Every structure is written in C-alpha cells, then in structure tokens.
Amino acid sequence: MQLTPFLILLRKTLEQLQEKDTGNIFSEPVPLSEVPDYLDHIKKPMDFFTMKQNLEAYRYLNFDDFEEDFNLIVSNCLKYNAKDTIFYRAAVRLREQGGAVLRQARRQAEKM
C-alpha cells in the first residue's frame, strides 16, 4: 500500500466528517479563554483542525489511529458537557453520522 493514495483518502474522509459538524463546534480546539477549566477534565483535547495538522505530520499511517482521534472529539464532548446540553447531543449526532462516514472510508482503504 502506497502512502499518497491513503493520505488522499484520509483528507477526503476528514472533509466528510467536518461536513457532519454543521454547527462547526468541533472544527477548532475548545477555546480555553472561554472554557478555562477544560484541561482539568480533558487530558487529550482534539478537534478537526488539529486532526488536519496531525494528518499532514504523518501521524495517521493507518485507519485506526485516524479514527482514534475522531473518537476523542466525541468522547471529550460527552465527558465534559452535561447530558441536557446542545454540545452533548451534537457529539451523539457526530458519533452516529461520523461512524457511517468512517465505515465506508475504511472499506475503501481495505481495497488498497
């Protein structure tokens, strides 16, 4: 398996995941200026912009590690936010819609 087609697939998949985040609440790191206690509870923050940086820094050489950082976006949000919030429901919706995107992308990868 050659590296450039795989990275092309991951770039497309990250764009498709970002599209499911129609509110753009997962596109950038959670702003500590507004949420100063965020790092007290969340030990590995993650967001789609950071994922894009990691992608280009070759830190995703297999689908599992890509999907792991996507799962962090979801679990950080379920963890920090109360169940009755918009943020929490948005993470539940991203988990569902994002899982479908990831499953189709993984089959594409498995064909390479």
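Residues carry their position along the shown sequence, with the first being 1. Only the largest set of C-alpha atoms that superpose within 1.5 Å between the two forms is called the rigid core.
- Taking 33-41 and 47-55 in turn, the stretch whose Cα atoms are more displaced from the shown form in 7 other deposited structures of this protein following rigid core superposition is 33-41.
- Per the PDB record, of the two stretches 54-62 and 74-82, 54-62 carries the greater mean B-factor over its C-alpha atoms.
- Taking the PDB entry as given, 19-27 carries the higher mean Cα B factor of the two stretches 93-101 and 19-27.
- Sort the modelled residues of the chain by CA B factor and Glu34 lands in the highest third.
- When all modelled residues of the chain are sorted by CA temperature factor, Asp40 is found within the highest third.
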